[PDB]
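Peer 1: First the structure, then my questions, so here it is.
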Amino acid sequence: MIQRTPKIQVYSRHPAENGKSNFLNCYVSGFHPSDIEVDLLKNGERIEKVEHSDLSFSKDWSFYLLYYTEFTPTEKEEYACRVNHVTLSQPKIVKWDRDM
């Protein structure tokens with residue numbers, strides 16, 4: 001058996017073909033087992049509609065998840081990603097730095 005804690009990155013991207021659009025991204029990388037729970041948060045509340053959830057693996061024991069959706073952030077709002085995994089005794093919350 002092997003288990004590996006996910007690395008978690010939270011960042012925003014504008015698709016170059018539609019630059020007014022903005023996407024909040026949680027990239028959860030290098031984890032095993034693949035069982036996982038991932039949410040985007042707005043002011044601490046789960047965002048129910050997340051339009052993209054893309055799972056892959058490299059080696060049979062290394063999984064990657066890109067969890068992302070369109071958003072419209074204001075300077076006062078706080079966004080984050082919350083991850084639950086067997087390796088994480090408490091849910092891990094990684095805040096969006098709004099300059100990322």
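In the structure tokens, the first chain shown is A, the next is B, and so on; residue numbers restart at 1 for each chain, and ligands run from 1 in the order shown.
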Can you tell me which residues surround range 90-93 of chain A at a distance of at most 10 Å, considering only C-alpha atoms, apart from same-chain residues fewer than 2 positions away, and format the answer as a ChimeraX atom specification?
Peer 2: /A:6,8,37-41,44,79-88,95-96
Peer 1: Keeping only N, CA, C and O atoms, write the selected residues as a JSON list (two decimals), in the first residue's frame.
Peer 2:
[["chain", "number", "residue", "atom", "x", "y", "z"],
["A", 6, "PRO", "N", -2.31, 15.01, -0.63],
["A", 6, "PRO", "CA", -2.35, 15.91, -1.77],
["A", 6, "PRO", "C", -1.61, 17.22, -1.51],
["A", 6, "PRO", "O", -1.71, 17.79, -0.41],
["A", 8, "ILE", "N", -2.06, 21.11, -2.62],
["A", 8, "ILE", "CA", -3.27, 21.88, -2.96],
["A", 8, "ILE", "C", -2.85, 23.29, -3.35],
["A", 8, "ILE", "O", -2.20, 23.97, -2.55],
["A", 37, "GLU", "N", -12.50, 14.24, -1.17],
["A", 37, "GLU", "CA", -13.62, 15.20, -1.21],
["A", 37, "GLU", "C", -13.00, 16.59, -1.38],
["A", 37, "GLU", "O", -12.07, 16.93, -0.67],
["A", 38, "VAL", "N", -13.50, 17.35, -2.34],
["A", 38, "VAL", "CA", -12.95, 18.68, -2.68],
["A", 38, "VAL", "C", -14.10, 19.63, -2.89],
["A", 38, "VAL", "O", -15.00, 19.31, -3.68],
["A", 39, "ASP", "N", -14.04, 20.77, -2.23],
["A", 39, "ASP", "CA", -15.03, 21.84, -2.44],
["A", 39, "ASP", "C", -14.33, 23.16, -2.64],
["A", 39, "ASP", "O", -13.28, 23.39, -2.07],
["A", 40, "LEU", "N", -14.92, 24.01, -3.47],
["A", 40, "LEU", "CA", -14.60, 25.43, -3.48],
["A", 40, "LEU", "C", -15.53, 26.11, -2.48],
["A", 40, "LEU", "O", -16.70, 25.73, -2.38],
["A", 41, "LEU", "N", -15.01, 27.12, -1.79],
["A", 41, "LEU", "CA", -15.76, 27.88, -0.79],
["A", 41, "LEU", "C", -15.78, 29.35, -1.18],
["A", 41, "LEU", "O", -14.75, 29.90, -1.65],
["A", 44, "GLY", "N", -16.62, 30.86, 3.13],
["A", 44, "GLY", "CA", -16.73, 29.70, 4.03],
["A", 44, "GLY", "C", -17.84, 28.73, 3.67],
["A", 44, "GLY", "O", -17.92, 27.70, 4.35],
["A", 79, "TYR", "N", -12.26, 33.42, -0.96],
["A", 79, "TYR", "CA", -12.46, 32.12, -1.65],
["A", 79, "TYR", "C", -11.41, 31.16, -1.13],
["A", 79, "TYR", "O", -10.33, 31.58, -0.72],
["A", 80, "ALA", "N", -11.72, 29.87, -1.21],
["A", 80, "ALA", "CA", -10.83, 28.83, -0.70],
["A", 80, "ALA", "C", -11.19, 27.50, -1.34],
["A", 80, "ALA", "O", -12.22, 27.37, -1.98],
["A", 81, "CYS", "N", -10.30, 26.55, -1.17],
["A", 81, "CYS", "CA", -10.53, 25.13, -1.48],
["A", 81, "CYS", "C", -10.43, 24.33, -0.19],
["A", 81, "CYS", "O", -9.49, 24.54, 0.57],
["A", 82, "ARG", "N", -11.36, 23.41, 0.00],
["A", 82, "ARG", "CA", -11.39, 22.52, 1.18],
["A", 82, "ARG", "C", -11.26, 21.08, 0.71],
["A", 82, "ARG", "O", -12.05, 20.64, -0.13],
["A", 83, "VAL", "N", -10.27, 20.40, 1.23],
["A", 83, "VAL", "CA", -9.97, 19.02, 0.84],
["A", 83, "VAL", "C", -10.04, 18.10, 2.04],
["A", 83, "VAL", "O", -9.45, 18.40, 3.08],
["A", 84, "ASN", "N", -10.73, 16.98, 1.87],
["A", 84, "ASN", "CA", -10.75, 15.86, 2.85],
["A", 84, "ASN", "C", -10.12, 14.64, 2.16],
["A", 84, "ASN", "O", -10.48, 14.36, 1.03],
["A", 85, "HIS", "N", -9.24, 13.94, 2.86],
["A", 85, "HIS", "CA", -8.51, 12.79, 2.35],
["A", 85, "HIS", "C", -8.10, 11.97, 3.57],
["A", 85, "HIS", "O", -7.95, 12.54, 4.66],
["A", 86, "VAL", "N", -7.84, 10.70, 3.38],
["A", 86, "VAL", "CA", -7.47, 9.85, 4.53],
["A", 86, "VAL", "C", -6.19, 10.35, 5.19],
["A", 86, "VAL", "O", -5.98, 10.12, 6.40],
["A", 87, "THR", "N", -5.29, 10.96, 4.42],
["A", 87, "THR", "CA", -4.02, 11.46, 4.98],
["A", 87, "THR", "C", -4.19, 12.73, 5.82],
["A", 87, "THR", "O", -3.22, 13.11, 6.47],
["A", 88, "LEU", "N", -5.34, 13.37, 5.76],
["A", 88, "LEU", "CA", -5.62, 14.68, 6.42],
["A", 88, "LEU", "C", -6.57, 14.45, 7.59],
["A", 88, "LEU", "O", -7.77, 14.21, 7.36],
["A", 95, "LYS", "N", -6.69, 28.98, 1.30],
["A", 95, "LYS", "CA", -7.32, 30.24, 0.86],
["A", 95, "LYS", "C", -6.75, 30.63, -0.51],
["A", 95, "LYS", "O", -5.56, 30.40, -0.81],
["A", 96, "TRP", "N", -7.62, 31.20, -1.32],
["A", 96, "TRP", "CA", -7.20, 31.95, -2.50],
["A", 96, "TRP", "C", -6.60, 33.27, -2.03],
["A", 96, "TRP", "O", -7.29, 34.13, -1.39]]
Peer 1: Using the chain letters and numbers from this document, which residues of range 7-83 of chain A does DSSP assign to strand (DSSP E or B), as number ranges by chain?
Peer 2: A: 7-13, 23-32, 37-42, 45-46, 52-57, 63-70, 79-83
Peer 1: Env of residue 75 in chain A: 12 Å cut, atoms = only C-alpha atoms, seq-sep filter 6 positions within chain, self excluded. Answer as an MDAnalysis selection string.
Peer 2: chainID A and resid 43 96:99
Peer 1: Which residues are close to residue 34 in chain A, i.e. within 12 Å by only C-alpha atoms, leaving aside same-chain residues fewer than 5 positions away? Reply as a ChimeraX atom specification.
Peer 2: /A:2-6,28-29,55-57,60-65,84-87
Peer 1: Please produce a file of the residues just selected, as a PDB file, in the first residue's frame, where the atoms kept are C-alpha atoms.
Peer 2:
ATOM      1  CA  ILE A   2       1.019   3.649  -0.425  1.00  0.00           C
ATOM      2  CA  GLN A   3      -0.622   6.835   0.710  1.00  0.00           C
ATOM      3  CA  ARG A   4       0.397  10.365  -0.229  1.00  0.00           C
ATOM      4  CA  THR A   5      -1.057  13.659   1.006  1.00  0.00           C
ATOM      5  CA  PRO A   6      -2.355  15.907  -1.766  1.00  0.00           C
ATOM      6  CA  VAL A  28      -5.048  18.811  -5.963  1.00  0.00           C
ATOM      7  CA  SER A  29      -1.981  16.840  -6.927  1.00  0.00           C
ATOM      8  CA  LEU A  55      -9.267  13.585 -12.654  1.00  0.00           C
ATOM      9  CA  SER A  56      -6.145  11.913 -14.020  1.00  0.00           C
ATOM     10  CA  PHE A  57      -3.309   9.686 -12.855  1.00  0.00           C
ATOM     11  CA  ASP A  60      -1.075   3.984 -11.029  1.00  0.00           C
ATOM     12  CA  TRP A  61      -0.632   5.423  -7.466  1.00  0.00           C
ATOM     13  CA  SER A  62      -0.504   9.217  -8.258  1.00  0.00           C
ATOM     14  CA  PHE A  63      -3.785  11.088  -8.874  1.00  0.00           C
ATOM     15  CA  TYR A  64      -4.390  14.675  -9.999  1.00  0.00           C
ATOM     16  CA  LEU A  65      -7.619  16.655  -9.801  1.00  0.00           C
ATOM     17  CA  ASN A  84     -10.746  15.856   2.848  1.00  0.00           C
ATOM     18  CA  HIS A  85      -8.513  12.787   2.354  1.00  0.00           C
ATOM     19  CA  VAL A  86      -7.467   9.845   4.527  1.00  0.00           C
ATOM     20  CA  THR A  87      -4.019  11.461   4.981  1.00  0.00           C
TER      21      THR A  87
END
Peer 1: Using only C-alpha atoms, pick whichever of A:23, A:31, A:11, A:67 has the shortest atom-to-atom distance to residue 52 in chain A.
Peer 2: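 Result for the nearest residue to residue 52 in chain A: A:67.
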Peer 1: Using only C-alpha atoms for the distances, tell me which of A:70, A:94, A:47, A:89 is nearest to residue 12 in chain A.
Peer 2: A:70
